[PDB]
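Trainee:
There are 2 protein chains.
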Amino acid sequence: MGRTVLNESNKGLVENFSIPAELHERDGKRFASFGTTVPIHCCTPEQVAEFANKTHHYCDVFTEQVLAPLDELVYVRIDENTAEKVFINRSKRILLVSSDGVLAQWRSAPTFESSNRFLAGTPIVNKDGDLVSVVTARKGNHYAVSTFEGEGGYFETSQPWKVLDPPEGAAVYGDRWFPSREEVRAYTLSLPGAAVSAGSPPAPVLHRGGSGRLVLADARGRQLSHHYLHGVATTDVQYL
Amino acid sequence: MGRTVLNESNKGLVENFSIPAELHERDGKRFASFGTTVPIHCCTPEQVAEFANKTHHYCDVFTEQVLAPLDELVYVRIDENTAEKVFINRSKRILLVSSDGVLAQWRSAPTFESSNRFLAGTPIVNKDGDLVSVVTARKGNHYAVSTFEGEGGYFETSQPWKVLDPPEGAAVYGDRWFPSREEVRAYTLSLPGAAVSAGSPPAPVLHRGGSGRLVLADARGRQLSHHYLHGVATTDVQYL
Ligand SMILES: Nc1nc(=O)c2ncn([C@@H]3O[C@H](CO)[C@@H](O)[C@H]3OP(=O)(O)OC[C@H]3O[C@@H](n4cnc5c(N)ncnc54)[C@H](O)[C@@H]3OP(=O)(O)O)c2[nH]1
Ligand SMILES: Nc1nc(=O)c2ncn([C@@H]3O[C@H](CO)[C@@H](O)[C@H]3OP(=O)(O)OC[C@H]3O[C@@H](n4cnc5c(N)ncnc54)[C@H](O)[C@@H]3OP(=O)(O)O)c2[nH]1
C-alpha cells in the first residue's frame with residue numbers, strides 16, 4: 001500500500017491529485033521520502049552525516065533542491081491518486097528544531113489543519129505540484145510547514161538540542177532555571193567568561209512553555225544568546 | 001522651558017496630564033529623563049558603565065524600576081501640564097538595539113503614530129500615570145515603545161553593535177555578505193572554528209534591509225547564531 005496516511009478512511013477536502021512518494025520502515029519507524037528529501041529526525045546518524053554537507057537548510061528537512069514558495073493553499077499526499085487540499089495558516093504557528101551536526105536550525109512555522117494522520121516525510125505541493133515542504137511535526141491537528149517564510153534561524157554547532165520544560169514563572173538562564181531573578185544573578189557571578197572553541201562548541205537550548213525561549217550557551221552553562229519567543233506554540237510538538 | 005517636544009505648536013489629541021521630567025543637554029544633543037530612567041543611547045560611556053549593573057534590562061532603556069505593562073492607550077508628555085493621547089499599534093513594528101557593555105539587547109517593538117517630535121527620554125504613561133516606557137527611537141511618524149511585550153532578546157558580550165546594510169538579495173554570513181549561497185560555503189571553508197574567550201568576546205551584528213538579520217559572530221566573523229527577522233522594520237530607525 002502506497003498510502004502516506006495512517007487512518008484507513010480519508011478525511012477533509014480530498015481531490016484527485018497524483019504526487020509521487022516512497023515509503024520506508026526502519027525498526028518500528030515508518031516514514032516517507034520525496035526522492036532525496038527526508039525529514040532530519042527520520043535519518044540514522046550515518047544518513048545524517050552524509051546529507052549535512054549536500055543539503056539546503058530548512059528546519060528538520062534534508063533536500064538537495066530549493067523548495068517552492070508557500071502561497072495560500074497546498075496539497076498533502078494521501079494515496080498515489082489522491083491528496084488533501086488544505087489552507088495554510090500563518091497565524092497558528094509551531095516551533096520546529098533540528099540538528100544535522102553542523103547547524104542547529106529553528107523555525108516558527110505556519111500550519112495547516114488536517115484530521116488525517118500523515119506520515120513524517122509526506123510530500124506537500126502547490127497547485128502546480130512543486131514541492132513546497134514536507135510533513136515534519138504536528139501539534140494536535142496542526143501540521144507544521146517548514147519553509148523559508150516566518151521567523152527562523154540556526155546556531156553553528158555540532159551539539160544537538162536540549163529541550164527543557166522550566167516551571168511556570170521561573171527565571172530562565174542558560175540550560176538552568178531559578179525561582180528568583182536575584183538567584184539568577186548570583187549564579188551569574190559564579191561562572192567564568194564564556195568559552196567557545198573547536199574542543200567545546202556551543203550548546204543550543206529550547207525552553208518550552210508559555211514564555212518560550214531559545215538560548216545558546218557555552219559548555220559551562222554561560223549564556224551567549226537569549227531569545228524570547230512570542231506567537232509560537234512550543235509544547236506538545238510531536239515529530240511523526 | 002520644560003517642553004519635551006521640539007515643534008512649537010502641539011499636534012494631536014492633547015489632554016491635561018502632569019508628568020514629571022528633567023531636561024538635559026550634552027554637546028548639541030537634548031534629551032529628557034524620568035528620575036533615574038534614561039535612554040541608553042543618551043549616556044556617556046562613563047554613565048553607561050555605572051548603570052549597567054543597577055538596571056533592569058529593556059532595550060535602549062536604563063531604569064531602576066520595573067515597567068508597567070502596555071495597555072491599548074498611552075500618554076506622552078509634551079510639557080509639565082499637558083500630554084498627548086496615542087493608540088498603541090502592535091502590527092507596525094520597529095527593531096531596536098542597544099548595548100551597555102554587558103548585554104547587547106534587541107527588541108521588536110510596537111509603535112505609536114504622533115506628528116509631534118518628542119525628545120529622547122520623554123516619559124510614556126498609562127491611565128494611572130505609571131511609567132510604561134520612554135521615547136527611544138522612531139521611523140517616520142512611528143515611535144518605538146520599548147517594553148517586555150513583543151519578540152526580543154540579548155547577547156552576552158561587551159562588544160557594541162555592528163550595523164550593516166547588505167545589498168538586495170545578497171547571501172549574508174557573519175559580518176560579510178556574498179552574491180550567492182555558494183560563496184558563503186567557500187568562505188565558510190577557509191575559516192577556523194569560532195573562538196570565544198574573555199579576551200575575545202562575541203560580536204553582535206545587525207543587517208538592515210528587506211531581509212533583516214540578527215547575527216552573533218566571533219572576532220574573525222565566524223557565525224555563532226543567525227536569526228531571520230520577519231515583521232519588523234529595520235532601515236530608517238532614528239535614535240533621537
Ligand atoms: N529582560 C527581560 N526581557 C523579557 O522579555 C522578559 N519577559 C519576562 N521577563 C521577566 O521579568 C522579570 C524582570 O527581571 C524577570 O523575571 C524576567 O524573566 P527572565 O528572563 O527569566 O530573567 C532573567 C534575568 O536575568 C538577566 N540577565 C541575563 N544575563 C544577565 C547578565 N550577564 N547580567 C545581569 N543580568 C542578566 C536578565 O536580563 C533578567 O533580568 P533583568 O530583566 O532584570 O535584566 C523578561 N525580562
Ligand atoms: N537557510 C535559509 N533560511 C531563510 O530563511 C532564508 N531566506 C532567504 N534565504 C536565502 O535563499 C537561498 C537558499 O540558499 C540563500 O541565498 C538564502 O540567503 P542567506 O540565508 O542569506 O545565505 C545563507 C546561506 O549560507 C548557509 N549557511 C550558514 N552557515 C553555514 C554553514 N556553517 N555551512 C554551510 N552553509 C551555511 C545558509 O544555510 C544559507 O545557505 P542554504 O542554501 O544552504 O540555506 C534563506 N536561507
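Residue numbers (the authors' numbering), protein chains in the order written: chain B, 1 to 240; chain A, 1 to 240.
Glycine included, each C-beta is placed from N, C-alpha and C at the ideal position.
1. Specify whether the region 194-209 of chain B and the region 42-56 of chain B touch according to this definition: at least 3 beta carbon pairs, one from each stretch, less than 8 Å apart.
2. Would you mind sorting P167 of chain A into buried or exposed? The rule is 16 or more other CB atoms within 10 Å of its CB.
3. Are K85 of chain B and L13 of chain B closer than 8 Å when you measure CB to CB?
4. Would you mind telling me which residues of chain B sit closer than 8 Å to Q223 of chain A, beta carbon to beta carbon, in chain order?
5. Can you find a heavy atom of ligand 1 that lies under 7 Å from the Cβ of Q223 of chain B?
6. Run down chain B in chain order and give the residues with a C-beta less than 7 Å from the C-beta of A109 of chain A.
7. What are the uninterrupted segments assigned as alpha helix (DSSP H) that are 4 or more residues long and contained completely in the region 25-91 of chain B, given in chain order?
8. Would you call the region 38-51 of chain A and the region 216-230 of chain B in contact, with 3 or more CB pairs under 8 Å?
9. If I follow the unbroken beta strand (DSSP E) through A171 of chain B, where does it start and stop?
10. Can you find a heavy atom of ligand 1 that lies under 7 Å from the Cβ of residue 265 of chain A?
11. Might you give, ordered along the chain, the residues of its own chain that have their beta carbon closer than 8 Å to the beta carbon of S180 of chain A, omitting 5 neighbours on each side?
12. By the 7 Å beta-carbon criterion, what residues does the region 204-221 of chain A contribute toward chain B?
13. Near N81 of chain B, what residues of its chain come up, given a Cβ to Cβ distance below 7 Å and the 5 sequence neighbours on each side ignored?
14. Using a Cβ-Cβ cut-off of 6 Å (strictly less than) and excluding sequence neighbours within five positions of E149 of chain B, which residues of its own chain qualify?
15. Considering just the uninterrupted stretch of the alpha helix (DSSP H) at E15 of chain A, what are its terminal residues?
16. Count the CB pairs spanning the region 137-144 of chain A and the region 176-193 of chain A that are closer than 8 Å, and state whether there are at least three.
17. Verify the CB distance criterion: does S133 of chain A have a CB-CB separation below 8 Å to chain B?
18. Would you kindly work out how many angstroms separate the C-alpha atoms of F118 of chain B and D236 of chain B, rounded to a whole number?
19. For the alpha helix (DSSP H) that contains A186 of chain A, what are its first and last residues?
Mentor: Walking through what the data contain:
1. Proximity of the region 194-209 of chain B to the region 42-56 of chain B falls short of the contact definition, fewer than three beta-carbon pairs being nearer than 8 Å.
2. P167 of chain A counts as exposed, since fewer than 16 other beta carbons sit within 10 angstroms of its beta carbon.
3. Taking the C-beta atoms as reference points, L13 of chain B is found nearer than 8 Å to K85 of chain B.
4. Result: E156.
5. Correct: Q223 of chain B has its Cβ closer than 7 Å to ligand 1.
6. Here the premise fails: no neighbours, minimum Cβ distance about 12 Å.
7. Note on the region 25-91 of chain B: whole alpha helix (DSSP H) runs with a minimum of 4 residues are 45-51, in chain order.
8. They do not touch, by the three-pair rule.
9. Counting along the chain, the beta strand (DSSP E) containing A171 of chain B begins and ends at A171 to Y173.
10. Because chain A spans 1 through 240 in this model, residue 265 of chain A falls outside it and cannot be assessed.
11. The residues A171, in chain order, have a CB closer than 8 Å to that of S180 of chain A in the same chain once the five nearest residues on each side in sequence are set aside.
12. Within the region 204-221 of chain A, those residues whose Cβ lies closer than 7 Å to any Cβ of chain B are, in chain order, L216.
13. Result list for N81 of chain B: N16 and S18, in chain order.
14. Excluding its 5 nearest sequence neighbours in each direction, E149 of chain B has C-beta neighbours in its own chain below 6 Å: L70, listed in chain order.
15. That residue, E15 of chain A, is in no alpha helix (DSSP H); its beta strand (DSSP E) goes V14 to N16.
16. Judged by Cβ distances under 8 Å, the region 137-144 of chain A makes no contact with the region 176-193 of chain A, as fewer than three pairs qualify.
17. Not one chain B Cβ lies under 8 Å of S133 of chain A.
18. In a straight line, the C-alpha of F118 of chain B is about 17 Å away from that of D236 of chain B.
19. It spans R181 to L189 - the alpha helix (DSSP H) in which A186 of chain A sits, taken as one unbroken run.
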